[PDB]
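Protein chains in written order, with PDB author numbering: chain C, 9 to 275; chain B, 9 to 276; chain A, 10 to 276.
Worksheet for the structure shown next.
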Ligand SMILES: CC(C)(COP(=O)(O)OP(=O)(O)OC[C@H]1O[C@@H](n2cnc3c(N)ncnc32)[C@H](O)[C@@H]1OP(=O)(O)O)[C@@H](O)C(=O)NCCC(=O)NCCSC(=O)C[C@](C)(O)C(=O)O
Ligand SMILES: CC(C)(COP(=O)(O)OP(=O)(O)OC[C@H]1O[C@@H](n2cnc3c(N)ncnc32)[C@H](O)[C@@H]1OP(=O)(O)O)[C@@H](O)C(=O)NCCC(=O)NCCSC(=O)C[C@](C)(O)C(=O)O
Ligand SMILES: [Cl-]
Ligand SMILES: [Cl-]
Ligand SMILES: [Cl-]
Ligand SMILES: [Cl-]
Ligand SMILES: [Cl-]
Ligand SMILES: [Mg+2]
Ligand SMILES: [Mg+2]
Ligand SMILES: [Mg+2]
């Protein structure tokens, strides 16, 4: 499954609403068909049914199953067997074992508890892992907290800390890195801010919970006109330089040039 | 010991000031009698005596002993053997071994050095551990630094980093989580900001160094009437919804409803 | 001995021997660079310069190329015919990479996700005498495009790695070196970074231009106000036992340690 080839705009779609699968697919780069928290306990069997009977392109679809050790997950895997879906998202991911027990599937580990943050490197390193995501809301919920963001809307420190932990663990083992959802759907400004930053630090994906968010996300992962203009400027300049040199008041060498090239590629 | 159901307002009181033990207990939800940095080396023997002579409710009292590998700690423990106290706070906690050697006692590990932060998971996992606290000042001290906060009062990055490290380590192992003391006694504004935020992210306790701070802390761990109203509205709303649903412009699913219920618990 | 020298350390590409003397005079320690400051085609010339224009080995570090690279092998061959005993290892990612540089002392430059994840093991390695972090390769290797946000602060993942390296170094009694300030003429920003670095116990701020050295050296010396407080509170402490209130603050041992650290940095 060529996840890196697909866009940065992924979308959660509750699996007990098969009448929306087609549109989610159309609006998003990758759809995450959700059997976990997006669907009530009593609608999960129906959700599983909808999953076998309403196929989306398995090359552009991931299924979030239920957490390790839950009876629900067992049901999910049985139902999954009647689909073409090769990639699953494991919520409350908390150990390498939880990932290993899903072989031979590809696994996107969703770290959203303190235990998962503590075990991030082991989780990322596990052989089936193809990506890591973080979730601020279960994180806060399982910490015994009540709020992931402060007054002004900025993530509180522990959420910011887990975000970095996941980005690092993912990158250290060559895994996709997926940034967290933006629950305030009409906060397009906040979303744009997060998604631009995500792209800047090397996240590959920002996950969305509403289709109106996908265009914002796609736009944000395209380098700004200003940044792109600089990239061309500094690269042209370096053609005439050997090793370190000063450009526009800044010391420039290898990795700075790599940043500019990455910007060009992203466009 | 039912520490988790004690209240979030803990108060340090140096153990060489027994005449102040009573005020301490009256003011706070839990008192930490201190044999370590709160008490000069020459006064520690008197503090060990005061420990025995002026007993407090052992259900609402923890004793901070001295660090592992010190002559002081050995005497602290000898003195504790003659008390009712079963829960100790271990300063400069730096390894699981330092916690384990304290069994069968319950141990709150106070991580306040780079080594302890680096071993936070191992320390939290140790069997006798029932809680984790962090300390910014010994952290900066042992780092070779000179201030834990920048000009505007915010903690410097390495301190904010260790705070999160300790919250996650504690919570990964089901331990109590205690937030760092607020040393600016007169800065009630900052204490309020910290305690509200601590409450928001799941710290169970904000440790105080002055009784005047306890009310500030207590008020901070109770959600706004505004947050409560919201919690009641979204929970009522969810009763007629299946799974994820949009509410007042927000996407709402399981953990959001948990947040709401947590508000209602911290309150009613 | 490196640990005895000032906090002002200066990179100088080793293909610029005519600059060596000025760098040595301007800075406490000089880091002669064989890696990213020098174009590949210029590396052999840089190695010759390293051999032909020596600096005081007690005040000089050589940054070699990364573990496993053909360049590093050539670097070490060149170095055998020098008096240099401390090297900086870029893209430091394991204890093993440090250990193979024995019997030299090693400053591990952590600047990749893998390096951040393995920071404690790298710091603990026997040859390690210090740790540095590199914001630009960190971002480059994460697949990102900028280490700093619009307001100039480092992005979170950079700030996160900064503390990781500081803690790892300190946990194992290693020197801690803060990242270069690429904006040469931005002495205001450099001052802010260095004052903060000194405050949290970094031992060195690395510079990329001689003009930055004075700024770093001043920032690592406490202000007159801070020095006055330090003398004040230490005086006050002798009349006090254990914890006591001083100027609105609670004071005990570690606060007095901070004071003494200010004094030491002042003479
Ligand atoms: C700062 C001090 C010395 C000033 O004490 P004061 O008497 O000079 O201040 P005050 O405002 O004049 O006190 C007035 C009233 O408050 C009482 N009072 C005041 N404080 C307390 C108290 N703690 N417990 C019980 N009662 C207290 C006091 O006795 C008096 O009662 P009164 O009106 O009836 O006469 C005092 O507040 C105190 O001792 N606080 C706690 C000190 C302590 O325990 N420090 C160790 C923990 S902090 C630490 O080590 C960091 C960490 C984590 O380790 C790391 O970051 O590295
Ligand atoms: C940027 C450059 C090329 C501008 O060079 P320039 O000639 O254009 O600058 P200048 O202002 O005109 O220089 C004025 C005078 O100072 C001198 N000078 C100026 N710089 C130095 C120096 N470093 N050492 C010794 N002398 C220096 C220079 O020779 C000249 O002498 P003069 O008065 O006789 O005319 C120059 O400053 C330089 O080479 N700086 C260091 C470059 C370097 O080593 N970069 C590698 C480390 S940064 C890195 O890789 C990232 C990291 C951590 O790995 C990751 O974040 O990933
Ligand atoms: Cl299918
Ligand atoms: Cl494995
Ligand atoms: Cl003393
Ligand atoms: Cl090149
Ligand atoms: Cl200063
Ligand atoms: Mg979740
Ligand atoms: Mg302390
Ligand atoms: Mg580099």
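For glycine and all other residues, C-beta sits at the position ideal for the given N, C-alpha and C.
Please tell me whether residue i and residue j are closer than 7 Å, where the distance is taken between their beta carbons.
| i | j | result |
| --- | --- | --- |
| residue 257 (chain A) | residue 194 (chain B) | yes |
| residue 187 (chain A) | residue 214 (chain A) | yes |
| residue 72 (chain C) | residue 44 (chain C) | yes |
| residue 275 (chain B) | residue 230 (chain B) | yes |
| residue 100 (chain B) | residue 78 (chain B) | no |
| residue 209 (chain B) | residue 166 (chain C) | yes |
| residue 47 (chain A) | residue 55 (chain A) | yes |
| residue 174 (chain C) | residue 138 (chain C) | no |
| residue 146 (chain C) | residue 263 (chain B) | yes |
| residue 115 (chain A) | residue 142 (chain A) | no |
| residue 68 (chain C) | residue 32 (chain C) | no |
| residue 62 (chain C) | residue 20 (chain C) | no |
Taking 7 Å as the CB-CB cut-off, is residue i touching chain C?
| i | result |
| --- | --- |
| residue 261 (chain B) | yes |
| residue 141 (chain B) | no |
| residue 288 (chain A) | A question about residue 288 (chain A) goes unanswered here, because the residues of chain A that appear run from 10 up to 276. |
| residue 209 (chain B) | yes |
| residue 118 (chain A) | no |
| residue 175 (chain B) | yes |
| residue 56 (chain A) | no |
| residue 241 (chain A) | no |
| residue 47 (chain A) | yes |
| residue 152 (chain A) | yes |
| residue 75 (chain A) | no |
| residue 271 (chain B) | yes |
Against chain A, with Cβ distances strictly below 7 Å, would residue i count as a contact?
| i | result |
| --- | --- |
| residue 172 (chain C) | yes |
| residue 233 (chain C) | no |
| residue 156 (chain C) | no |
| residue 51 (chain B) | yes |
| residue 267 (chain C) | yes |
| residue 258 (chain C) | yes |
| residue 201 (chain B) | no |
For residue i, which residues does DSSP report across the bridge?
| i | result |
| --- | --- |
| residue 343 (chain C) | Nothing in the structure corresponds to residue 343 (chain C), since chain C is present only between 9 and 275. |
| residue 123 (chain C) | DSSP output for residue 123 (chain C) lists no bridge partner at all. |
| residue 131 (chain B) | Residue 131 (chain B) pairs with nothing; no bridge assigned. |
| residue 95 (chain C) | C:114 |
| residue 163 (chain A) | A:157 |
| residue 254 (chain A) | A:259 |
| residue 215 (chain A) | A:18 |
| residue 244 (chain B) | Bridge partners of residue 244 (chain B): none, in fact. |
| residue 185 (chain B) | B:140 |
| residue 192 (chain A) | C:258 |
Would you please verify whether the beta carbon of residue i is less than 7 Å from any beta carbon of chain B?
| i | result |
| --- | --- |
| residue 215 (chain A) | no |
| residue 250 (chain A) | yes |
| residue 244 (chain A) | no |
| residue 125 (chain A) | no |
| residue 219 (chain C) | no |
| residue 264 (chain A) | yes |
| residue 179 (chain A) | yes |
Taking one C-beta from the segment 146-163 of chain A and one from the segment 85-101 of chain B each time, how about it: are there three or more such pairs within less than 8 Å?
The segment 146-163 of chain A makes no contact with the segment 85-101 of chain B: fewer than 3 CB pairs, one atom from each, lie closer than 8 Å.
Just to be sure I understand the criterion: a residue counts if its Cβ is closer than 5 Å to at least one heavy atom of ligand 6. Which residues meet that?
Close to ligand 6, as judged by a C-beta nearer than 5 Å to any of its heavy atoms, are the residues A:48 and A:49, in chain order.
Determine contact between the segment 100-111 of chain B and the segment 132-145 of chain B, defined as no fewer than three beta-carbon pairs at a distance below 8 Å.
Yes: the two stretches touch, three or more of their Cβ pairs being nearer than 8 Å.
For the structure I just gave you, are there three or more beta carbon pairs, one from the segment 27-39 of chain C and one from the segment 73-91 of chain C, closer than 8 Å?
By the Cβ rule, the segment 27-39 of chain C does not count as touching the segment 73-91 of chain C, because fewer than three pairs are nearer than 8 Å.
Can we say the segment 190-210 of chain C touches the segment 243-261 of chain B, given the rule of at least three CB pairs closer than 8 Å?
Touching, yes, given that three or more Cβ pairs across the two stretches are closer than 8 Å.
When a residue counts only if its C-beta is closer than 6 Å to some heavy atom of ligand 3, which residues count, in chain order?
Here the list is C:63, C:91 and C:92.
Using a Cβ distance threshold of 8 Å, determine whether the segment 117-129 of chain C contacts the segment 236-244 of chain B, with at least three qualifying pairs required.
With a cut-off of 8 Å, the segment 236-244 of chain B and the segment 117-129 of chain C do not count as touching, because too few Cβ pairs lie within range.
Just to be sure I understand the criterion: a residue counts if its Cβ is closer than 7 Å to at least one heavy atom of ligand 7. Which residues meet that?
That query returns the following residues: A:204, A:231, A:232 and A:235.
Among all residues, which have a Cβ less than 6 Å from at least one non-hydrogen atom of ligand 10, and in what chain order do they fall?
Cβ atoms closer than 6 Å to ligand 10 belong to C:263, A:45, A:99, A:120, A:143, A:145 and A:146.
Under 7 Å from any heavy atom of ligand 4, by CB: list those residues in chain order, please.
With 7 Å as the limit between CB and the heavy atoms of ligand 4, the residues that fall short of it are C:104, C:108, C:133, C:134 and C:135.
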